[PDB]
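For reference, the structure discussed in these notes is given below.
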Amino acid sequence: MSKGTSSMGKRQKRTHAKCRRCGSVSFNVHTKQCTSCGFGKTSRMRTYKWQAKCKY
Amino acid sequence: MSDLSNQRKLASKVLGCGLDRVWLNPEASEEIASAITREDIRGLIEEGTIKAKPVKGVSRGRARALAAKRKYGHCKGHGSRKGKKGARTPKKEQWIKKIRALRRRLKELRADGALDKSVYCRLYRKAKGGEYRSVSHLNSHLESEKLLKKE
Amino acid sequence: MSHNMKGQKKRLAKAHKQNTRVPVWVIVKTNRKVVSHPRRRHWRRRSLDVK
RNA sequence: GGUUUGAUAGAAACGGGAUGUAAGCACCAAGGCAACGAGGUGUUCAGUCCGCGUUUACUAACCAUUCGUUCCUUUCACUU
RNA sequence: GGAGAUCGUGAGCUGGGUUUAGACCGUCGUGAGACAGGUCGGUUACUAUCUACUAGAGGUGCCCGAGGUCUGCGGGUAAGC
RNA sequence: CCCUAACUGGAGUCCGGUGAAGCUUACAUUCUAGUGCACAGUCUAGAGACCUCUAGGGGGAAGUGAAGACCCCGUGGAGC
RNA sequence: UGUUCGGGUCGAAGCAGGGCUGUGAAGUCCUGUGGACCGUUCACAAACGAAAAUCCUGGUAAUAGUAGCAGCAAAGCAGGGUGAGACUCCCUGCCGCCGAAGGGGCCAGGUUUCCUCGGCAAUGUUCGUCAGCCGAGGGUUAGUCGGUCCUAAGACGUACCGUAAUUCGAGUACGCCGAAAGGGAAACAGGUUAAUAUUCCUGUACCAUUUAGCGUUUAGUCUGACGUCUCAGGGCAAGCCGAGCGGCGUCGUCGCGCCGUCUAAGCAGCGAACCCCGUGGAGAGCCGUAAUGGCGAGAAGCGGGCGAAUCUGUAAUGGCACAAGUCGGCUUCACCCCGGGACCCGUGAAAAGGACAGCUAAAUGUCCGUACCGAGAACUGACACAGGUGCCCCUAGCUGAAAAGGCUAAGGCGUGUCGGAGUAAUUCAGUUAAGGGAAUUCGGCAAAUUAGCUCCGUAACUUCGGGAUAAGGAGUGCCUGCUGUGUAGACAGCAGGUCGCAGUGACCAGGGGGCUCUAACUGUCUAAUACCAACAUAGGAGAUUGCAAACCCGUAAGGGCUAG
RNA sequence: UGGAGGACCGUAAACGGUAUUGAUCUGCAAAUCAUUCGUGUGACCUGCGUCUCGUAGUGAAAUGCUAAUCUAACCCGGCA
RNA sequence: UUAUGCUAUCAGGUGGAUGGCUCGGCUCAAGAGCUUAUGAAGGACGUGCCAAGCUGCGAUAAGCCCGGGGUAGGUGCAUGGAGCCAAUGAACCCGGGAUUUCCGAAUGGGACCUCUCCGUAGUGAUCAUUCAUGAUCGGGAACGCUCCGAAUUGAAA
Ligand SMILES: [Mg+2]
Ligand SMILES: [Mg+2]
Ligand SMILES: [Mg+2]
Ligand SMILES: [Mg+2]
Ligand SMILES: [Mg+2]
Ligand SMILES: [Mg+2]
Ligand SMILES: [Mg+2]
Ligand SMILES: [Mg+2]
Ligand SMILES: [Mg+2]
Ligand SMILES: [Mg+2]
Ligand SMILES: [Mg+2]
Ligand SMILES: [Mg+2]
Ligand SMILES: [Mg+2]
Ligand SMILES: [Mg+2]
Ligand SMILES: [Zn+2]
């Protein structure tokens, strides 16, 4: 259908479930990883230095 | 009289009829207003303050008489056909009934004994080939060409 | 009808219990300083992300 | 424009019109053992209808309010 | 008969041509591409604030109070060709 | 189409309830000519104009929507 | 800020308005408000002075009591209630809408919207005593319904190896997950609540695992387990007709019209086709099917065996106004069983489970879901949104080829949530129009004409298939009486009479022909300005490569093509 | 007799989107509605599941599509 | 009584500026500095007489036990009703213990299922020894060490 409100009626599925380790709704049900804390990918918790300004 | 929609729904569930098919008596509004349980509604139905209006069907007498006339052979002219021939009588059914009748008649003529094997085989394949259009037609040819062993 | 497991139903029950008007005695005791909480919603609005 | 000192609007009856001969009843009807029978003829220029007229007070035009005094003050020629 | 009025007139209309994105033919270019050449296709937004005009009303001004009948300062006309 | 006419339903017109948004420096009852960055309701000289309200189609406010898509410029970009 | 001198509840800062001073930035005083802090000399500092940035944040005008509350489904009126208050809430009568969807069942999704009572500030395009709104309380019960169990595409984990290194990377081995529409052990009827019911209660059943007793394998096969089209046979829910019985309606005349006349699983019995076996002896030919066909490598016929849906009895006493409750017949899809044929340069899943050795008895059968909506108001698009998800699966009578269009049942609604009044222009969508008939316009755009079925007749051209519904003509209603085919349902045909301007009388339902350009055709395409001559295609041709190949991905380990 | 075909007609079943250059254009709608149309037994339409993605994917090829964004997506950082 | 209006001031509405106050923020200096398989940080769910949020706590659940300090009231943010506790020394503060649901390094198997399967009550993976046992895994504001490693920008290109 149209790219606007006509194709937004098929919006009945879900792509992210709820994570066990952090409780945030960011668990990818296809790749089986949490996109916020990294659960499923690793035993460590996801942190990147680009999640904040260079502190200078 | 007050909001009696609740008793309407309850009576419909108890009776099983549709909502608009329930008839709440308009002089007994005070007494119906106190009915709040299924037991009370059953008591009310027994006393006659409630009931179900009869269903009005679709009458069929006119179509019935028309069907009788058509069954006699009338009211079916060219001006009433509106579907292609074949939609009114598929050709395969016509062939099936024709050939089954012809074969049963030939089989019974063989069975009783007035038709030997040779002429039976010839007539069987001939009717398969489509040279007789009806049982009377076949009987006419049998009684003309003498192939039956009647005595 | 969204067949749920035990945990999903548990979280749904909690999110149901959070829709409550603040108790009247709380409003009396705090002298009309607490009159609402940020957990109030309505079912036909923004969907909750509990599940 | 009219308003009882009245035909302004409506009802009733009649004139002038529109359509096309109402329902029931009687006789006939191709036929059918019968039951039934599309339909025709008579009662019947019939029935139905009129955002037109005439006659006729039969019902309704009744009952009232308001301006033509600055308003209170006796800043009044009023009036208890 | 010929001209003018933002080559009068798209908050009146139309969309044929030109002037987007697609493609074909010819000629250029090694090529991406181009033609000032041809051909087919291709969205026309707005509830009128102010003023102007066309008609209809309510006031106030002149005035004894009210009503009636007129005059005519002016305006218009093609009323006929 | 010559050449338009009557009729039907929904809006509009009138009354009750509910109830927004977009243009807006200020003033503003205008018309003609000139002048002026050469396309003025506001300047110069004339001509007109009693005020308020309703309806109506859009002549004008170089009407509103929008830091031009056409052309040029930038020792600005991107793709090929 | 350092320092000197002070003011204030006998009223500080701040705010509104005034008097005087200074060229000015500004200072000081007075009056009203206010209720606790504020200055000054000499110096020093700075997050130090706003009218403008299509400036930022907050508040608030005009527009304006204006647009909208119409277009696809034009719906309400009378009488009686409740209430402070009634076009809008409730009951009855009339009049209406959908009726192959606006009804019923449910996935995903929602998450309490479900039921009762009490309210109306806000929400509801108006009001409201109403409510999917606001407050309080209540509601979901399983060995048999699902998940759970098996595996498909395909994921994930551990190890091995690579990488400077990992949370990174292909493969191999071992595991483990992946379907609420694939496979699958087992339950039906009735009652009960305000809201739950194959779950609770009554009755009648059934299936597994363990323990005990009584016996035993064949253990290797079968099943689960399979495409598209087409057709015969049997059965059945729905549907229809006749007779009797019980109700309701109509009743100006007649005597018709409608509703009901019910009964589950389980258990016991029977078996149509295909197939297997014993006889049989058929050809200058016999036996069959809707059709294909079969036969001395053994037909017809005659016997026996394995073998379906459904049907018969019981369960049969439950429900019904304990009112009747008895019988026959026709048809039957869109559902079940069984068998045949055709087609493929397409061949149309796997595993758990089940069957073959079980019988009797008691005990056990944990866990999770279960309310309600499933959409023109419960989902998604910011909305009580004319879109989309779901038209996903089902549906009665007449007309008719029909699930089309029209008219009605059952069921759901008068909420595709503003009313009154009836009088201008203009506007959206329709009905009709004398005479002419494209003269309009870039252009027959737009609208009109034709339209069903039967019969007759049918051109140029042609790849011989077509063109073709070519073109062009005639018939069609109703009544009376019949004939033919067929087991029947039904279908086909005839003779006479007769009405109207008109007989597919409404609904539905092609206008046709000729000459050119272009692409062979069916197909694809710029979601939201381009459905075309563009892309694709079958057909034609060329090139590389003999597999540790050609071509390509990776840093590597290793891979795609390649089960070739 | 038989029942083949990227055959024919045709549903507001389903999928698509020609023309009106109609309605709406602060809309019912950040692409819908009405009539008129094209395919409708197949190179068909479709539910659920699973895989392929940023100098990369997918594309019967338009620079189309990759969450209202595509001649190189989006979030944060270099970045004041 | 001149309507619709224009200018100025006053009274009131709406609104929340100014002033005064401030258990908050920010910067500098001095100290102090690891924790977890004896199950951490973080999360989900539960827990109160009337209890929705936050805070605390964990089926012993705004909490239990012991020692010291403290002395007459207590029941968190949050002075409401009704109750209870406390001179057997409470509340509160300092030190030490106990209980400590499920997920999570998460570790018997499995997660679009924070629960579920077999219960064989569970040493998950990699390692060292005498083979009793022991070690590593996650978190931490910045600081520390090793390895891999751009472009905008400047040069007025
Ligand atoms: Mg997009
Ligand atoms: Mg840093
Ligand atoms: Mg103009
Ligand atoms: Mg330069
Ligand atoms: Mg300012
Ligand atoms: Mg209907
Ligand atoms: Mg309201
Ligand atoms: Mg599984
Ligand atoms: Mg109206
Ligand atoms: Mg083509
Ligand atoms: Mg091509
Ligand atoms: Mg078609
Ligand atoms: Mg940036
Ligand atoms: Mg440079
Ligand atoms: Zn997480």
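Overview of results
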item: J(HN,Hα) series, the range B:106-121, from Karplus relation 6.51 cos²θ - 1.76 cosθ + 1.60, nearest Hz, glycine and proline x; result: 5, 4, 5, 4, 5, 5, 5, x, 8, 7, 7, 6, 5, 5, 4, 4
item: Global form of the protein assembly as shown, assessed from the alpha-carbon gyration tensor, a/c cut-off 1.5; result: oblate
item: For A:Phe39, distant residues with modelled amide H under 5 Å away; result: A:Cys34
item: Shape category assigned to the range B:67-151 from the gyration tensor of Cα positions, a/c cut at 1.5; result: prolate
item: Fewest-first ranking of B:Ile41, B:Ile96, C:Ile27, using other Cβ atoms within 10 Å as the exposure measure; result: B:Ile96, C:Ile27, B:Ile41
item: Rounded, prolate or oblate (a/c below 1.5 giving rounded, otherwise prolate when a/b exceeds b/c) for chain A by Cα gyration tensor; result: oblate
item: Computed E for B:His74/B:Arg42 - FRET, C-beta separation, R0 51 angstrom, nearest 0.05; result: 0.40
item: Violating pairs (Cα-Cα greater than 25 angstrom) within the set B:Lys82/B:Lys128; A:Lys41/C:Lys17; A:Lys32/C:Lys51; A:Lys32/C:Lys6; A:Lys32/C:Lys10; A:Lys18/A:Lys55; result: B:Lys82/B:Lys128; A:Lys41/C:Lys17; A:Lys18/A:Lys55
item: In Hz, Karplus ³J(HN,Hα) per residue of the range B:32-49 (6.51, -1.76, 1.60; θ = phi - 60°; x = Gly, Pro); result: 5, 5, 8, 8, 10, 10, 5, 5, 5, 5, 5, x, 5, 5, 5, 6, x, 5
item: Ratio Rg/Rh, restricted to chain B and using Cα atoms, in which Rh is the Kirkwood radius; result: 1.51
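We place every Cβ from the backbone using ideal geometry, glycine too, and count neighbours over all the protein chains shown. Each reported figure results from applying straightforward, stated rules to the coordinates on display, with no laboratory input.
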